[PDB]
Amino acid sequence: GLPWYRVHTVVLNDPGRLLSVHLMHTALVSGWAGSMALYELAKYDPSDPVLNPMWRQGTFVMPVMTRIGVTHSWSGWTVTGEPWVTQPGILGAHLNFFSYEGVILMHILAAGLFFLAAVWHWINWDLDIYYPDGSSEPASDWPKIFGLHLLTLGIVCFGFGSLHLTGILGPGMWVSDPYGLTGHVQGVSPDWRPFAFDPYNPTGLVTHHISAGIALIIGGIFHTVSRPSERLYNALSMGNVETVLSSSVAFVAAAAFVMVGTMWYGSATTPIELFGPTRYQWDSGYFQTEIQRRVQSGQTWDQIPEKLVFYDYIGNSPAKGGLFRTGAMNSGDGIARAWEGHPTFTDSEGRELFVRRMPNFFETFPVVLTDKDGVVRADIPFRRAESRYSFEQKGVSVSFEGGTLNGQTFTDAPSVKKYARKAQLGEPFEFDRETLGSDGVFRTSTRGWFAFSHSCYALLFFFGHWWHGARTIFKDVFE
Amino acid sequence: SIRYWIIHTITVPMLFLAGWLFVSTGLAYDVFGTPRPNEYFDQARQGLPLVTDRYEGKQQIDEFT
Amino acid sequence: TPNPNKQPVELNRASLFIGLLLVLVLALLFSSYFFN
Amino acid sequence: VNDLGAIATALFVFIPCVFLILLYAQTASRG
Amino acid sequence: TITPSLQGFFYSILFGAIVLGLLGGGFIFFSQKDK
Amino acid sequence: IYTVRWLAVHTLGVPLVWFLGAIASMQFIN
Amino acid sequence: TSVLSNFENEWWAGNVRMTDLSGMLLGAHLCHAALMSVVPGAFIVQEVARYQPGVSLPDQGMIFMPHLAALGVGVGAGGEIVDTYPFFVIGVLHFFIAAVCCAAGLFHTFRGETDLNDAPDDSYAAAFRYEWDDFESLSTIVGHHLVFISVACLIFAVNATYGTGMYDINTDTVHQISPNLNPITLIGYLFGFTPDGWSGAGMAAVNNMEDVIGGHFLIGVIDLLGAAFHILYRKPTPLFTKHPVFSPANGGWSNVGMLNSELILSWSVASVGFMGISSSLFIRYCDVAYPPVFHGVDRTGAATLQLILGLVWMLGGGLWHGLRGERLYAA
Amino acid sequence: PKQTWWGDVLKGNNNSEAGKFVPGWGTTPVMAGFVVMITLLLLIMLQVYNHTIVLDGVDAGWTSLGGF
Amino acid sequence: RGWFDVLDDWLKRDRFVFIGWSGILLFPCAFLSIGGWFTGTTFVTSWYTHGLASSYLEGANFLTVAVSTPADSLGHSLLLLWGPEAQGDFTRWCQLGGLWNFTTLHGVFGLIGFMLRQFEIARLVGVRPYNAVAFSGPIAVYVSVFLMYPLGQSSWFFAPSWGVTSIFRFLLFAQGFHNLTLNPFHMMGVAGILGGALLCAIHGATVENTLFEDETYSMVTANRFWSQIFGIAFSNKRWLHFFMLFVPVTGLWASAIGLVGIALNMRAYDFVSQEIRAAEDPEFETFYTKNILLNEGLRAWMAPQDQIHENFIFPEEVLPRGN
Ligand code: CL7
Ligand SMILES: CCCCCCCCCCCCCCCC(=O)OC[C@H](COP(=O)(O)OC[C@@H](O)CO)OC(=O)CCCCCCCCCCCCCCC
Ligand SMILES: CC1=C(/C=C/C(C)=C/C=C/C(C)=C/C=C/C=C(C)/C=C/C=C(C)/C=C/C2=C[C@H](C)[C@H](O)CC2(C)C)C(C)(C)C[C@@H](O)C1
Ligand SMILES: CC1=CCCC(C)(C)[C@H]1/C=C/C(C)=C/C=C/C(C)=C/C=C/C=C(C)/C=C/C=C(C)/C=C/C1=C(C)CCCC1(C)C
Ligand SMILES: CC1=CCCC(C)(C)[C@H]1/C=C/C(C)=C/C=C/C(C)=C/C=C/C=C(C)/C=C/C=C(C)/C=C\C1=C(C)CCCC1(C)C
């Protein structure tokens with residue numbers, strides 16, 4: 001019999017059963033989509049959209065749903081911070097139906113339907129269509145089938161770009177401010193000026209899916225008509241489906257790599273309101289720069305919008321997690337409840353010094369309060385050591401602007417040390433671990449999980465591409 | 001055999017000397033920006049010339065130069 | 001109408017032992033992290 | 001430790017094992 | 001409007017075209033020579 | 001006489017010899 | 001079909017099938033002109049639709065309005081667009097021209113006779129018989145087309161001088177500018193001999209409308225004379241015949257002066273690419289003809305676009321078709 | 001070999017021209033150009049994403065979200 | 001016979017070496033990568049990016065020359081010779097570290113060309129291209145270490161600088177900051193490599209010691225010997241050699257997945273229960289905890305000088321010690 005790693009070749013020569021297993025795989029994928037979304041809904045906390053967004057909560061598919069329109073729930077709550085109003089009133093206002101549960105229901109229904117179709121095609125494996133006019137051997141023409149599929153996908157891409165994304169006949173897409181404060185699902189208008197190639201401006205996406213959509217339609221039509229060339233036909237062995245497998249696997253690996261690049265570096269497709277902040281916004285001091293400029297712009301400290309300060313916590317970085325630290329981030333440092341306010345430190349002489357923030361790399365950092373001029377003023381010496389620049393020997397008070405500890409001044413050395421460590425961890429915050437038994441060690445957001453999993457997938461699928469290209473080119477030998 | 005010996009004798013030492021003089025005449029330091037042994041620091045310029053900006057790196061080195 | 005393309009699946013004893021060794025060794029290696 | 005750690009380890013041990021044993025048994029029954 | 005970086009990219013296309021052309025020309029010309 | 005092998009041999013040897021001379025020169029630098 | 005390279009009858013090359021079919025070729029050119037004339041009118045109407053009065057043209061991203069405003073259309077003193085209707089009129093008239101051209105192209109592709117060599121023996125249409133070998137036939141074509149281009153250039157100049165003039169950059173408004181007709185001064189620009197000294201960009205360092213309008217008068221007169229020359233003579237001369245050409249048709253220079261369809265196409269394509277490069281220089285430097293009140297100051301992008309097009313036509317198309325024609329001179 | 005209705009509809013697309021190719025190179029030259037074209041396009045995008053190329057007025061960063 | 005067939009036959013013609021189509025990608029790229037490394041070690045210094053003397057002109061040794069990585073401020077800029085950084089100035093291109101990018105990118109394309117070359121050669125001879133599939137492992141390692149890792153980090157500055165002592169610095173840096181030795185995928189990689197060496201050694205010895213007194217060796221004697229000495233033995237030759245192929249490649253792929261994981265700081269840095277239990281009482285001490293302490297020390301003592309761009313200033317008081 002066949003070796004355990006070749007069992008599925010029994011559908012290589014059978015177009016009907018090959019289609020059947022593809023349909024079964026599609027049924028599985030749609031069923032997983034539905035079930036995963038259902039689970040995420042069943043473990044969600046809509047109360048807090050600010051200090052407990054979906055990315056803090058270990059959601060995986062909810063941000064992908066929310067990216068292109070789905071925001072509310074039949075139970076009422078929206079993710080944008082307002083109970084959903086049934087603004088729908090008419091046909092073309094299915095928006096009240098396509099909430100999270102509507103999408104789940106449709107996906108489960110598709111799973112069932114595809115499973116039934118797969119069973120049917122498995123049983124009726126010998127339909128006449130698979131066979132040519134006068135030869136018992138089933139034989140399909142892959143180039144024209146590719147043309148048909150490409151034309152279908154081009155139509156759907158053009159429709160997605162022009163109707164759904166523009167908001168003409170669809171919800172539009174998620175857009176936001178440069179600091180993840182206001183998040184709308186609004187339509188976008190396409191522009192062919194060069195700034196549509198900016199990856200962070202959403203106007204490109206529409207402009208892409210329109211133009212590229214048309215490009216596929218033409219590309220479909222050509223392949224639906226044009227025949228291959230003897231040269232290419234013999235070189236690539238277009239009569240053998242294995243070549244299609246090889247090329248598709250390579251394409252999918254490339255797609256995975258590009259997606260990982262966008263997810264890790266951020267783009268208009270991945271907004272920080274949904275997937276959380278990147279690891280470079282912490283490195284470049286993006287939010288700290290913005291806040292410091294805003295306060296410096298005359299606004300008082302308590303008037304700083306709490307999302308903008310939550311983004312400045314280092315526990316939000318996707319580069320502070322672990323491979324086997326499982327679960328949502330709130331299983332880690334715990335769930336946030338309140339921002340203690342911006343702290344400032346002073347020494348005996350009254351000089352204003354600052355704590356150096358821990359970079360992404362270090363799992364632990366040495367707490368060092370330094371003069372703004374670059375001279376170290378005080379510190380916390382190693383676990384038990386005798387010092388000359390120390391916390392107590394020099395004495396340090398801390399005063400908090402805004403937040404829960406407003407106007408307060410802790411000069412108790414343990415308190416100053418605790419808040420020094422908090423300050424080197426970004427912004428001090430009120431974290432609860434009693435609810436979840438959180439472990440205090442961080443975890444990565446949704447963005448990190450995406451990047452890791454699909455970088456691994458792309459790396460493996462490249463080897464798959466090489467193996468299947470080898471078995472295509474060397475077909476006469478591999479038998 | 002014999003013929004190529006003339007060419008290689010005429011040429012190879014010339015190339016060797018070409019490299020030799022390229023180093024000895026100090027041309028390499030200019031070509032590659034490699035500091036002269038006295039150029040690492042001035043008599044007190046013991047600070048390190050590290051680039052801090054991506055966009056204007058060459059000009060910043062020109063300042064460090 | 002029967003499908004010609006049906007073929008059985010074979011796995012001899014030696015292959016079973018190799019597979020079980022692979023599985024058990026991987027489980028032993030990764031359990032210390034799964035328990036975290 | 002993780003309450004699911006033991007479950008994950010058990011399922012990892014078991015599923016490939018039962019798969020392999022099933023393949024070997026339905027091989028050996030056949031001549 | 002053209003920026004220095006874009007002009008550099010255009011010069012890159014020029015140089016890359018030249019390199020590829022010289023390589024391909026050498027290969028095809030030498031192949032044609034000793035037919 | 002410009003065989004591909006001639007090209008290869010020269011493309012290797014020329015810079016090789018130049019760099020050997022340069023390194024020798026560096027060895028006599030104080 | 002009058003070619004045997006390797007792939008004459010391939011659908012993606014199918015235009016070569018009209019190499020000798022005079023009627024179909026005429027129809028194809030007319031339809032193409034219909035495209036070329038549809039675009040300007042359509043985009044002018046689209047531009048005028050979104051035009052805003054307060055903001056200036058360079059900040060609105062209009063790529064056809066500036067060229068119209070440069071001619072005093074709908075602008076007043078100070079170089080601000082006052083009325084937008086004449087732009088709309090220009091767009092509509094281009095629509096009319098495009099419709100007429102498309103009607104002609106449809107006629108000649110389907111109703112008209114495919115090959116004018118099959119015309120009914122002096123039926124007003126045998127007078128239009130041409131052959132890609134006989135020189136005399138194509139000479140009258142070149143002459144008449146020169147007539148049309150010359151009349152266009154003269155009309156432009158006459159409008160500028162007498163009727164409603166153009167938007168003169170220095171005088172700051174639309175004026176009937178008095179032309180400069182110092183022929184040595186004008187033809188000096190062709191070698192860079194501008195009055196302020198030699199300049200790198202020939203013909204592009206003009207600093208006054210008078211120079212350009214005088215140059216247009218000169219060009220119109222020259223082209224009219226050349227039109228008379230070609231219409232009235234039609235005979236090969238020792239300039240075309242017996243001139244040196246280097247080609248592998250006969251390895252090394254030869255004085256044959258060969259003639260062929262691909263060769264004529266190649267010379268035309270090279271000419272177009274050259275005009276593209278010249279216009280590139282013009283829009284890069286000459287801001288008399290491109291008042292930055294309209295086209296903006298920074299104009300490197302448009303000049304680069306022109307440069308790329310000129311290189312594609314002059315080098316790519318010109319070389320490809322010239323080589324094919326020289327190889328086809330092995331008949 | 002059931003002669004279904006849908007099979008009648010789709011058999012022409014399935015295998016009417018199965019195994020047919022035009023001799024020689026055919027459209028392969030034209031394909032070449034297309035590939036090169038996209039090889040520029042993608043390349044440009046990469047550099048634009050990489051900040052190697054800086055298009056005028058196109059700040060490839062989070063600041064470009066201004067306007068939403 | 002068009003120009004293309006002439007070119008193809010010319011490429012496939014027998015010479016001292018085989019060029020093939022792959023050669024057009026392999027030979028220029030490989031040669032440029034090697035030349036870039038040699039130039040970077042011989043003449044270009046890293047005095048401006050890392051503040052080091054990593055060239056022969058500086059007076060370095062063969063074990064201390066290195067084509068050091070670009071500066072940290074450049075992020076992941078491709079550092080083209082004509083880019084916004086170099087702007088066509090060769091000297092600034094060298095000082096900024098562009099030779100690292102030159103060498104690494106041309107190395108990537110050389111490796112791709114080599115894999116294609118093995119595909120082509122196996123196609124000509126007419127045998128299964130298991131060699132290309134075997135070589136797929138080294139490409140995975142290379143792409144994971146020199147491209148994916150610095151791309152997941154802040155800059156190219158964190159990539160392995162082409163050298164010997166620079167690579168040693170990379171190993172120690174990885175242990176200090178990612179605790180790589182505790183990563184299970186690196187453990188599978190180590191097992192794969194050591195098992196590959198073991199297989200090579202014992203296979204060679206067995207074939208030498210079961211030689212017939214004239215394939216060419218007593219498979220029966222070898223099988224019985226290993227069965228009665230070790231317990232298990234290969235009774236199939238094809239399985240034996242496919243296993244020899246399979247083990248080291250699998251080790252390399254597992255290590256590749258481990259390296260891509262740590263590129264995102266998705267590292268197995270600690271065991272939570274051990275950290276908790278150590279927090280509860282200070283007497284509890286195990287080897288893992290002391291490894292953690294060593295990591296703290298290496299981080300603290302290496303960061304001020306390794307990542308010089310960050311201007312880290314840690315006094316003597318904050319530096320961990322065994323008091
Ligand atoms: C791992 C590298 C790789 C990739 C990614 C890959 N293949 Mg193969 N591959 C095939 C399809 C295929 C598809 C449709 C596909 C992309 O969608 C891929 N492949 C991709 C079949 C045509 C053919 C036989 C298939 C075949 O026989 O499959 C039998 C496999 C069985 C019983 C279980 C294997 C155990 C896995 C641990 C499953 C774990 C669950 C799963 C991971 C959940 C995640 C889903 C998703 C995210 C991955 C084939 C082969 C084969 C191999 C080998 C070595 C591979 N591959 C390798 C790859 C055959 O010998 C063999 C071959 O051709 O020898 C003749
Ligand atoms: C979605 C649900 C998924 C559920 C899980 C599915 C699991 C599928 C099965 C996975 C395991 C398969 C094992 C097959 C095991 C098996 O039968 O192997 C032997 C088999 C023999 O191939 P043949 O073609 O000669 O014969 C095939 C038949 O014997 C069996 O089909 O070869 C391979 O499988 C090649 C790969 C070997 C891989 C193992 C090599 C290393 C072994 C030692 C490693 C561990 C010790 C390390 C010590 C440090
Ligand atoms: C025939 C021949 C060949 C070809 C030779 C070539 C390339 C010949 C080139 C012929 C050219 C380029 C002729 C073009 C001449 C251009 C002229 C005469 C332009 C005149 C423009 C004038 C007078 C306009 C001037 C103004 C007018 C304008 C409106 C602006 O206000 C500026 C201002 C005022 C300067 C070969 C290659 C086949 C072989 C050769 O040996 C001989
Ligand atoms: C071998 C060994 C072991 C036993 C003892 C023994 C002493 C014999 C020892 C040998 C030691 C010795 C002396 C080895 C000498 C080695 C050397 C330096 C070999 C070097 C050859 C130099 C080469 C290729 C350089 C090629 C340079 C190239 C392309 C330049 C590429 C370029 C770059 C880098 C920048 C852009 C411009 C350009 C031109 C594209
Ligand atoms: C049948 C019927 C007909 C008429 C309509 C009707 C709706 C009634 C219909 C019913 C439909 C229903 C209820 C369909 C349900 C479908 C479902 C739940 C399908 C299953 C989805 C689950 C999937 C894929 C499994 C994923 C598991 C994987 C990857 C294996 C291992 C995993 C991987 C490799 C990643 C890490 C995690 C883990 C677990 C190690």
# chains A, B, ... in the order shown; residues from 1 in each chain; ligands from 1
$ residues_around --residues "residue 224 (chain A)" --least-positions-apart "5" --cutoff "8 Å" --atoms "only C-alpha atoms" --output "NGL selection string"
:A and (143-148)
$ residues_around --residues "residue 31 (chain H)" --least-positions-apart "2" --cutoff "12 Å" --atoms "only C-alpha atoms" --output "list in words"
residues 219, 222, 228, 229 and 232 of chain A; 12 of chain G; 25, 26, 27, 28, 29, 33, 34, 35, 36, 37 and 38 of chain H
$ write_last_selection --atoms "N, CA and C atoms" --output "short mmCIF file (atom, residue, chain, number, x, y, z; two decimals), in the first residue's frame"
data_model
loop_
_atom_site.label_atom_id
_atom_site.label_comp_id
_atom_site.auth_asym_id
_atom_site.auth_seq_id
_atom_site.Cartn_x
_atom_site.Cartn_y
_atom_site.Cartn_z
N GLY A 219 -6.67 39.95 -17.37
CA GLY A 219 -5.85 38.76 -17.26
C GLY A 219 -6.68 37.50 -17.28
N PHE A 222 -7.96 37.07 -21.23
CA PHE A 222 -6.87 36.55 -22.05
C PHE A 222 -6.71 35.05 -21.85
N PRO A 228 -1.71 28.23 -24.47
CA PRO A 228 -0.30 28.34 -24.11
C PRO A 228 0.60 28.21 -25.31
N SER A 229 1.90 28.25 -25.08
CA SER A 229 2.90 28.08 -26.12
C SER A 229 3.63 26.77 -25.91
N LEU A 232 6.64 27.00 -23.53
CA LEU A 232 6.26 27.05 -22.12
C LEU A 232 5.46 25.82 -21.72
N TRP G 12 -1.41 39.05 -31.65
CA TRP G 12 -0.84 40.16 -30.90
C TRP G 12 0.02 41.07 -31.77
N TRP H 25 6.94 30.00 -29.79
CA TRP H 25 6.90 30.84 -28.60
C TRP H 25 5.57 31.53 -28.40
N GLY H 26 4.86 31.85 -29.47
CA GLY H 26 3.56 32.47 -29.31
C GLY H 26 3.66 33.79 -28.58
N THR H 27 2.84 33.94 -27.55
CA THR H 27 2.76 35.19 -26.81
C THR H 27 3.84 35.32 -25.76
N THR H 28 4.69 34.32 -25.61
CA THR H 28 5.74 34.37 -24.60
C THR H 28 6.58 35.64 -24.64
N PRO H 29 6.99 36.18 -25.80
CA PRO H 29 7.69 37.47 -25.78
C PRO H 29 6.92 38.55 -25.06
N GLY H 33 7.66 41.19 -21.32
CA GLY H 33 7.55 42.59 -20.98
C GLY H 33 6.73 42.79 -19.72
N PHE H 34 5.57 42.12 -19.65
CA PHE H 34 4.72 42.27 -18.49
C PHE H 34 5.48 41.96 -17.22
N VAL H 35 6.23 40.85 -17.21
CA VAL H 35 6.96 40.49 -16.01
C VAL H 35 7.89 41.62 -15.62
N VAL H 36 8.68 42.11 -16.57
CA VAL H 36 9.61 43.18 -16.27
C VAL H 36 8.86 44.37 -15.70
N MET H 37 7.71 44.69 -16.29
CA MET H 37 6.92 45.81 -15.80
C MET H 37 6.61 45.64 -14.33
N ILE H 38 6.06 44.48 -13.95
CA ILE H 38 5.70 44.31 -12.55
C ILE H 38 6.96 44.26 -11.70
#
$ closest_residue --among "B:61, B:31, B:12, B:21" --to "ligand 4" --atoms "only C-alpha atoms and all ligand atoms"
B:31
$ residues_near_ligand --ligand "ligand 3" --cutoff "9 Å" --atoms "only C-alpha atoms and all ligand atoms" --output "ChimeraX atom specification"
/G:153,183,185-190,192,202-206,209-219,222,239-240,243-246,257,271,274,289
$ write_last_selection --atoms "N, CA, C and O atoms" --output "short mmCIF file (atom, residue, chain, number, x, y, z; two decimals), in the first residue's frame"
data_model
loop_
_atom_site.label_atom_id
_atom_site.label_comp_id
_atom_site.auth_asym_id
_atom_site.auth_seq_id
_atom_site.Cartn_x
_atom_site.Cartn_y
_atom_site.Cartn_z
N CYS G 153 0.33 76.48 -37.50
CA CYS G 153 1.32 77.32 -36.84
C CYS G 153 1.13 78.79 -37.18
O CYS G 153 1.21 79.66 -36.30
N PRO G 183 15.68 87.24 -38.23
CA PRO G 183 15.83 85.80 -38.48
C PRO G 183 17.11 85.20 -37.92
O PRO G 183 17.10 84.07 -37.44
N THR G 185 18.65 86.23 -35.22
CA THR G 185 18.44 86.11 -33.78
C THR G 185 17.64 84.87 -33.44
O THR G 185 17.97 84.14 -32.49
N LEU G 186 16.59 84.60 -34.21
CA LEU G 186 15.76 83.43 -33.94
C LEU G 186 16.53 82.14 -34.18
O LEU G 186 16.58 81.26 -33.31
N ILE G 187 17.17 82.01 -35.34
CA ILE G 187 17.88 80.77 -35.65
C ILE G 187 19.14 80.59 -34.82
O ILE G 187 19.73 79.51 -34.83
N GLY G 188 19.57 81.63 -34.11
CA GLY G 188 20.68 81.46 -33.19
C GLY G 188 20.36 80.57 -32.01
O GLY G 188 21.22 79.83 -31.53
N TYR G 189 19.11 80.62 -31.54
CA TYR G 189 18.70 79.78 -30.42
C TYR G 189 18.94 78.30 -30.70
O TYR G 189 19.22 77.53 -29.78
N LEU G 190 18.83 77.90 -31.96
CA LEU G 190 18.97 76.49 -32.31
C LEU G 190 20.35 75.96 -31.94
O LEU G 190 20.52 74.76 -31.73
N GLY G 192 21.91 77.48 -29.30
CA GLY G 192 22.09 78.05 -27.99
C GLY G 192 22.50 79.50 -27.98
O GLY G 192 22.67 80.07 -26.90
N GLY G 202 18.82 74.74 -25.93
CA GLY G 202 18.49 75.46 -27.13
C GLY G 202 16.99 75.68 -27.27
O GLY G 202 16.18 74.88 -26.81
N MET G 203 16.64 76.82 -27.85
CA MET G 203 15.26 77.18 -28.15
C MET G 203 14.43 77.37 -26.89
O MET G 203 13.29 77.83 -26.96
N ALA G 204 15.01 77.06 -25.73
CA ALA G 204 14.27 77.07 -24.48
C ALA G 204 14.62 78.24 -23.59
O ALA G 204 14.01 78.40 -22.53
N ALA G 205 15.59 79.06 -23.98
CA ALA G 205 15.98 80.21 -23.18
C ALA G 205 15.33 81.50 -23.64
O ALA G 205 15.78 82.58 -23.26
N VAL G 206 14.29 81.41 -24.47
CA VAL G 206 13.57 82.61 -24.87
C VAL G 206 13.00 83.27 -23.64
O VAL G 206 12.42 82.61 -22.77
N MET G 209 7.80 86.83 -25.26
CA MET G 209 6.84 86.25 -26.20
C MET G 209 7.17 86.61 -27.64
O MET G 209 6.82 85.87 -28.56
N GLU G 210 7.84 87.75 -27.85
CA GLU G 210 8.11 88.19 -29.21
C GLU G 210 9.00 87.19 -29.93
O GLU G 210 8.78 86.89 -31.11
N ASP G 211 9.99 86.65 -29.23
CA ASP G 211 10.86 85.65 -29.84
C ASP G 211 10.07 84.43 -30.28
O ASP G 211 10.25 83.93 -31.39
N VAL G 212 9.22 83.91 -29.40
CA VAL G 212 8.50 82.69 -29.74
C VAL G 212 7.56 82.97 -30.92
O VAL G 212 7.53 82.19 -31.86
N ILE G 213 6.85 84.10 -30.91
CA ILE G 213 5.89 84.36 -31.98
C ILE G 213 6.61 84.55 -33.31
O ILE G 213 6.15 84.08 -34.36
N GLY G 214 7.74 85.25 -33.29
CA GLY G 214 8.54 85.35 -34.50
C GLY G 214 9.02 84.00 -34.99
O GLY G 214 9.01 83.72 -36.19
N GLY G 215 9.45 83.15 -34.06
CA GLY G 215 9.86 81.81 -34.44
C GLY G 215 8.73 81.03 -35.06
O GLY G 215 8.93 80.27 -36.01
N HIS G 216 7.52 81.19 -34.53
CA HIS G 216 6.37 80.50 -35.11
C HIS G 216 6.07 81.00 -36.51
O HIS G 216 5.74 80.21 -37.39
N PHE G 217 6.16 82.31 -36.73
CA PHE G 217 6.00 82.82 -38.09
C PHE G 217 7.04 82.22 -39.02
O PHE G 217 6.72 81.80 -40.14
N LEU G 218 8.29 82.17 -38.57
CA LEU G 218 9.35 81.60 -39.39
C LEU G 218 9.07 80.14 -39.71
O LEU G 218 9.21 79.71 -40.86
N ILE G 219 8.66 79.37 -38.71
CA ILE G 219 8.39 77.95 -38.91
C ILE G 219 7.21 77.76 -39.85
O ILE G 219 7.24 76.87 -40.71
N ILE G 222 8.44 78.48 -43.38
CA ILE G 222 9.33 77.42 -43.84
C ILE G 222 8.53 76.18 -44.21
O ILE G 222 8.77 75.55 -45.26
N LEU G 239 19.76 64.10 -52.67
CA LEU G 239 19.89 64.10 -51.22
C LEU G 239 19.39 62.79 -50.63
O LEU G 239 20.10 62.14 -49.86
N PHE G 240 18.18 62.39 -50.99
CA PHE G 240 17.65 61.12 -50.52
C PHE G 240 18.35 59.96 -51.21
O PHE G 240 19.01 59.14 -50.57
N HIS G 243 22.86 58.85 -50.55
CA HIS G 243 23.37 59.38 -49.30
C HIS G 243 23.93 58.22 -48.49
O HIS G 243 23.49 57.07 -48.66
N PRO G 244 24.91 58.47 -47.62
CA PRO G 244 25.54 57.37 -46.90
C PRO G 244 24.64 56.83 -45.81
O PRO G 244 24.04 57.58 -45.04
N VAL G 245 24.54 55.50 -45.75
CA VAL G 245 23.85 54.81 -44.67
C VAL G 245 24.67 53.60 -44.29
O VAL G 245 25.24 52.92 -45.15
N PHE G 246 24.75 53.34 -42.99
CA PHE G 246 25.45 52.17 -42.48
C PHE G 246 24.43 51.13 -42.05
O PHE G 246 23.54 51.43 -41.25
N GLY G 257 20.34 54.68 -50.21
CA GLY G 257 19.16 55.45 -49.87
C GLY G 257 17.87 54.65 -50.01
O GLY G 257 16.97 55.03 -50.76
N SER G 271 11.48 60.80 -35.12
CA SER G 271 11.13 62.21 -35.09
C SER G 271 10.26 62.51 -33.87
O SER G 271 10.50 63.50 -33.18
N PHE G 274 12.24 62.51 -30.72
CA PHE G 274 13.06 63.70 -30.63
C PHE G 274 12.23 64.90 -30.19
O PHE G 274 12.69 65.71 -29.37
N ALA G 289 6.92 80.14 -22.20
CA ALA G 289 5.83 79.35 -22.76
C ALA G 289 5.06 78.58 -21.70
O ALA G 289 3.98 78.07 -21.99
#
$ residues_around --residues "residue 16 (chain B)" --least-positions-apart "3" --cutoff "9 Å" --atoms "only C-alpha atoms" --output "list in words"
residues 11, 12, 13, 19, 20 and 21 of chain B; 17, 18, 19, 20, 21 and 22 of chain F
$ residues_near_ligand --ligand "ligand 1" --cutoff "8 Å" --atoms "only C-alpha atoms and all ligand atoms" --output "VMD selection string"
chain A and resid 3 to 9 12 242 245 248 to 249 457 460 to 465 467 to 468 471
$ atom_distance --atom1 "CA of residue 113 (chain G)" --atom2 "CA of residue 7 (chain G)"
26.8 Å
$ residues_around --residues "residue 7 (chain D)" --least-positions-apart "4" --cutoff "12 Å" --atoms "only C-alpha atoms" --output "list in words"
residues 27, 31, 34 and 35 of chain C; 1, 2, 3, 11, 12, 13, 14 and 15 of chain D
$ interface_residues --of "chain I" --to "chain F" --cutoff "8 Å" --atoms "only C-alpha atoms" --output "number ranges by chain"
I: 42, 56-57
$ residues_near_ligand --ligand "ligand 2" --cutoff "10 Å" --atoms "only C-alpha atoms and all ligand atoms" --output "PyMOL selection string"
(chain A and resi 1-7) or (chain C and resi 9-26+29) or (chain D and resi 11-20+23-24+27) or (chain I and resi 187-188+190-192+194-195+236+238-240+242-244+246-247+250)
$ select_by_dssp --residues "chain B" --states "alpha helix (DSSP H)" --output "ChimeraX atom specification"
/B:3-24,27-32,57-64
$ interface_residues --of "chain E" --to "chain G" --cutoff "9 Å" --atoms "only C-alpha atoms" --output "list in words"
residues 1, 2 and 3 of chain E
$ residues_around --residues "region 5-22 of chain H" --least-positions-apart "4" --cutoff "7 Å" --atoms "only C-alpha atoms" --output "PyMOL selection string"
(chain A and resi 128-129+132+139-141+227-230+239) or (chain H and resi 26)
